[PDB]
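Protein chains in written order, with the UniProt record's numbering: chain P, 62 to 130; chain R, 10 to 142; chain W, 63 to 123; chain L, 12 to 720.
What follows is a single structure, written as structure tokens, with notes after it.
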Amino acid sequence: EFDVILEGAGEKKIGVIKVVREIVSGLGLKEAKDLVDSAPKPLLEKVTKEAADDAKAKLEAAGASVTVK
Amino acid sequence: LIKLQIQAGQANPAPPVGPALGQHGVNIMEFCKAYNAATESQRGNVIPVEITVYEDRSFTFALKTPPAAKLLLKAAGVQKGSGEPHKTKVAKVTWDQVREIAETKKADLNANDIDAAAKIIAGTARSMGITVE
Amino acid sequence: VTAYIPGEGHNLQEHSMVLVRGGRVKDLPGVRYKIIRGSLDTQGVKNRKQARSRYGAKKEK
Amino acid sequence: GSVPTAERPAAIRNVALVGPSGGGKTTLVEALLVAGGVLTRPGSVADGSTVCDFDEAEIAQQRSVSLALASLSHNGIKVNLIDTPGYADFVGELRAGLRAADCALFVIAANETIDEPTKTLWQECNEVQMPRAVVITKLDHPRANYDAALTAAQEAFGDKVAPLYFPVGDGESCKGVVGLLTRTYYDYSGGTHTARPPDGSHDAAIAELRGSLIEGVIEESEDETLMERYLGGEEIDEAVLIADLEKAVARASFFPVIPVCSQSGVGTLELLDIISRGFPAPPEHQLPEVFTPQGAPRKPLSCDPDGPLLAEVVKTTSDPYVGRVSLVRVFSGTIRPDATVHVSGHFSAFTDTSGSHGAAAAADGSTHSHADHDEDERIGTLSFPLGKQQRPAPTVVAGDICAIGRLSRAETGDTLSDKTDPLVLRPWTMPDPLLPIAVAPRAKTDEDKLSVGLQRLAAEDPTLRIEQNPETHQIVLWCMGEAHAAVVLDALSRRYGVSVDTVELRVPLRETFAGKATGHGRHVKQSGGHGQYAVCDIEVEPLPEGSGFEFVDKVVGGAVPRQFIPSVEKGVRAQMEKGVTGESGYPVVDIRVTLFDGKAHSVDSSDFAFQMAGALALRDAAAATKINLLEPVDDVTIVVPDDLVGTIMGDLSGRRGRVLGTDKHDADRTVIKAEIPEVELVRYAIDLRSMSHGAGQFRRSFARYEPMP
Ligand SMILES: Nc1nc2c(ncn2[C@@H]2O[C@H](COP(=O)(O)OP(=O)(O)NP(=O)(O)O)[C@@H](O)[C@H]2O)c(=O)[nH]1
């Protein structure tokens, strides 16, 4: 049971939004754009450790500042 | 707060899980996929699941050991239990299978010693009409 | 009146609109009229190719 | 009033107003037209002075059972007010109304909440991709709560539903509404529409509503940066916000909430502005796909009068003097007086998919079963339907909905286009009636005109499936319920003057045996010279269902010349057809015969003697043994929530419904399969609507026959 929290966007905003859409289904360019802008929504909850750290690696590769315990 | 016994290899059943899961706000699809993954890793027999609920509608699944009745059925090699227990015997089990199921029930149960689970499974075999030897 | 229905196949079921015509048939002693094929509810007979106009069947394509 | 005139589809709106039974759509349309100058004063169906509720049955039952069209062009944009019935028994009328329009409006009550039939209506209106704008009415009632209805709408159909105008009033006689995007409250304390900036009583609440609406609209809008600018310290430009709202409506993804005081005219002008600006244009609207005659794909026609011709007839009327006036749903091309178009009957092969027992494709009419037709006709008189009156118009541009009089072949859904390039617009979902009711024609002229009357009815209501049973030669009418059957009977006894006699529905039954039996057939008939003496012995046993009729001949010695055995078989078949259950038998099916003895004479007995011998032999065999009466069983599709599972399937114990599985559609809805003989399915519609409280539908499919117990 892990909750993923994203802290910023950076210089790679488009890639961050795309990868955020890839991680969790149901978000568009605009909804996830607003989410990473601020809109603090806890996207995924109680996910497994492998999902958490793969999302961490993908988001960091996208230029996003994410924290995974 | 409900519990069910359901086949391992298939999710979204018609009779047992559907309506009871539905009237509790549990997401059907996510539970189905997670249970199917766990039961494809298991691949032994059907598994019983307990449903625990929260106020935030999040669902947690509790997966126990394979049912003792089903384990005795596979150990005796027969599929359907005896229609007249203690009056007609369909199969016989040696103590190796009974003790393996006793270790299973030790892992899943409150029993302090394997002998307690062995006598539990012997009682189950009596209930089915299956001799323990 | 009783009217004969020419052709091999007729769609007519009980109490449907038709168009009767004069005509004699020996085999039926009391029949004096014929039903025109291809008018009102009556359908021109199917698979008909020769002497088509008598049976109300359209030309093939 | 003045005729609404538009010369471009983007200046035309096609709105099929939808709502529950007791929706007040007719009064709302009257108020909208009174605002637009079509009517001087608004009428009420209670008085009977309305426009849409012109039919006799609408006044008779005090609720809209037949659709109507009202035309009104304000601010240069033509708005077509298509009122639609809300009753469950007229789902096809509303389906056709949607299919002949580019927009839909949900008009509900503020003092009453949403019931399951209206939930099903919203579900269907979703799977057509129609932008639905929520209209809150019945504000005059003391129990009216716009906020409660809006909260329930935002809870049920997602948070995407966002209010556009927020009313300000006492809750009984509301004094007006607030313009959120426009920052302008419209007061009616004097009875006149005064667009003014709000005094500031709820200025914080006004700002909250504006921000919520902006986030709901911008998040769907193309420009991602709009929300960032709004949150960055800049107030978004009003024109940009209005354009975003129009575009969001155009995607059929946004559901604005527009409360209207239909009792006092408050909310009418703003709703008209909403229609004029936010509604998608028919060229931008997703037109129904257009089929070539043989099924090859074709791009949908451009919604332009300059483009190729395209239209569709979706209604039909009647008149003593003038004739038939049929509505036309024009998608493309220019309609001009005294022109020739193509009248296509859906090319019923497209709608030939299944159809239950009757295989209803389009317009039925067993004499001309399925539409499937191609007709080229000169058009009659152009007109715009305004209740019983029809306003003529010189030209019909693309996207507009018109009605032509003096027609003969026009039927509901008949695609109209150029006769050189004929077209079949995709037929909408056609609901099969599931309540077969038998009738009998009192006189000959009654049924002789009944064919024409039912063809006209299908031209008005294709949901009426008709299939005349050939076995008992009694016409059988299928309906959706008491409302549909009542409307059909009223129109039949009034619109064409046909006297009717309702009779019990007849269902057939067969004969099969229970075990092996032997039969003896003797023929003796004095003739004087060459004998007439036949003694046949047979042996008949039952056969499994579908195994047909098996005949075996085992005459020892060959006393019967071989040309007489077919006469024996013919007599056996005749006895099977007449029946063997006592003296009032039924056609025997699925039995095997073994004729193992015979005798003959050649000169006299050609066929009849051995036919009678075989009939007596089969009578002797079947009387000695047992027999069975076979009735049919069908597969039943039942989808009810988890709570109605027990309430239904326990009653099926008294209704002999054997369950096979309670498949889980999702959380609550559960798919139930059971095989029930058609005996119990005679009145299941009313019973179902009773037990499920108007929240139950079913399907029926014939499976096989079963012995009767
Ligand atoms: N008390 C009250 N009666 C209303 C209201 N709106 C309509 N009615 C009543 O309902 C009848 C016609 O209105 P309504 O049912 O909404 O329109 P309809 O065309 O008959 N039905 P539908 O809305 O489904 O098309 C009349 O008897 C009228 O008095 C309302 O807000 N309050």
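Even for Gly, the Cβ is constructed at its ideal location relative to N, Cα and C.
- Judged by pairs of C-beta atoms under 8 Å, the segment 254-265 of chain L touches the segment 127-145 of chain L, as three or more such pairs exist.
- Using beta-carbon distances, residue 681 of chain L counts as an interface residue toward chain R, with a partner under 8 Å.
- Pairing residue 28 of chain L with residue 94 of chain L gives a Cβ-Cβ distance under 8 Å.
- In the DSSP annotation of this structure, residue 689 of chain L is not part of any beta strand (DSSP E), being labelled neither H nor E.
- Using a Cβ distance threshold of 8 Å, residue 687 of chain L and residue 631 of chain L do not count as a contacting pair.
- By the Cβ neighbour-count rule, residue 414 of chain L is buried, with 16 or more other Cβ atoms within 10 Å of its own.
- Around residue 98 of chain P, the beta-carbon contacts reaching into chain L at under 7 Å are 239.
- Of the other Cβ atoms in all chains shown, fewer than 16 fall within 10 Å of the Cβ of residue 308 of chain L; this residue is therefore exposed.
- Residue 602 of chain L counts as buried, since no fewer than 16 other beta carbons sit within 10 angstroms of its beta carbon.
- At a cut-off of 8 Å between beta-carbon atoms, residue 455 of chain L makes contact with chain W.
- When DSSP assignments are scanned along the segment 583-616 of chain L, the uninterrupted stretches of beta strand (DSSP E) that are 3 or more residues long and fall wholly within it turn out to be 602-606.
- Shortest Cα-Cα distance from residue 584 of chain L to any of L:569, L:605 and L:654 involves L:605.
- Along the segment 484-542 of chain L, the beta strand (DSSP E) occurs as fully enclosed runs of 3 or more residues at 485-490, 511-514, 521-523 and 528-535, listed in sequence order.
- Less than 8 Å separates the beta-carbon of residue 492 of chain L from that of residue 700 of chain L.
- Between residue 97 of chain L and residue 31 of chain L, the C-beta gap is smaller than 8 Å, which places the two residues in contact.
- For the pair residue 504 of chain L and residue 510 of chain L, the Cα-to-Cα distance works out to about 6 Å.
- Contacts with chain P (Cβ-Cβ distance below 9 Å) from the segment 211-233 of chain L involve 226, 229, 230, 231, 232 and 233, listed in chain order.
- A distance below 8 Å between beta-carbons, with the five flanking residues on each side excluded, links residue 404 of chain L to the following residues of its chain, in chain order: 14, 16, 393, 394, 395 and 413.
- Around residue 433 of chain L, the same chain offers 304, 353, 355 and 385 as residues with beta carbons nearer than 7 Å, after the five sequence neighbours per side are excluded.
- Interface criterion met: the Cβ of residue 31 of chain R is under 8 Å from a Cβ in chain L.
- Chain order gives no chain L residues near residue 54 of chain R, where near means a beta carbon separation below 7 Å; the closest approach is about 22 Å.
- Three or more Cβ pairs drawn from the segment 471-487 of chain L and the segment 368-383 of chain L lie within less than 8 Å of each other, which places the two stretches in contact.
- Within chain P, the residues 90, 91, 94 and 95 have their CB atoms less than 8 Å from the CB of residue 235 of chain L, given in chain order.
- Residue 598 of chain L and residue 591 of chain L have their C-alpha atoms roughly 8 Å apart.
- With a cut-off of 8 Å on Cβ pairs, the segment 610-618 of chain L is in contact with the segment 568-576 of chain L, counting three or more such pairs.
- The beta carbon of residue 369 of chain L lies closer than 6 Å to those of 476 and 478 in the same chain, with the five residues before and after it left out.
- DSSP, reduced to helix, strand and coil, places residue 334 of chain L outside both helices and strands of the structure shown, so it counts as coil.
- C-alpha of residue 545 of chain L to C-alpha of residue 557 of chain L: approximately 32 Å in a straight line.
- Under the DSSP assignment, residue 621 of chain L falls in the alpha helix (DSSP H) whose first and last residues are 619-635.
- The C-beta separation of residue 329 of chain L from residue 506 of chain L comes to about 5 Å, placing the pair in contact by the 8 Å criterion.
- Within the segment 31-48 of chain R, contact with chain L at the beta-carbon level (separation under 7 Å) is assigned to 31, 32 and 37.
- Runs of the beta strand (DSSP E) lying entirely within the segment 208-277 of chain L and spanning at least 3 residues, in chain order: 266-270.
- Distances taken from the Cβ of residue 30 of chain L to the heavy atoms of ligand 1 include one shorter than 7 Å.
- By the Cβ-count criterion, residue 91 of chain L is buried, with 16 or more other Cβ atoms from all chains shown falling within 10 Å of its own Cβ.
- The three-state secondary structure of residue 379 of chain L, taken from DSSP, is helix.
- The alpha-carbon of residue 242 of chain L is positioned some 52 Å away from that of residue 423 of chain L.
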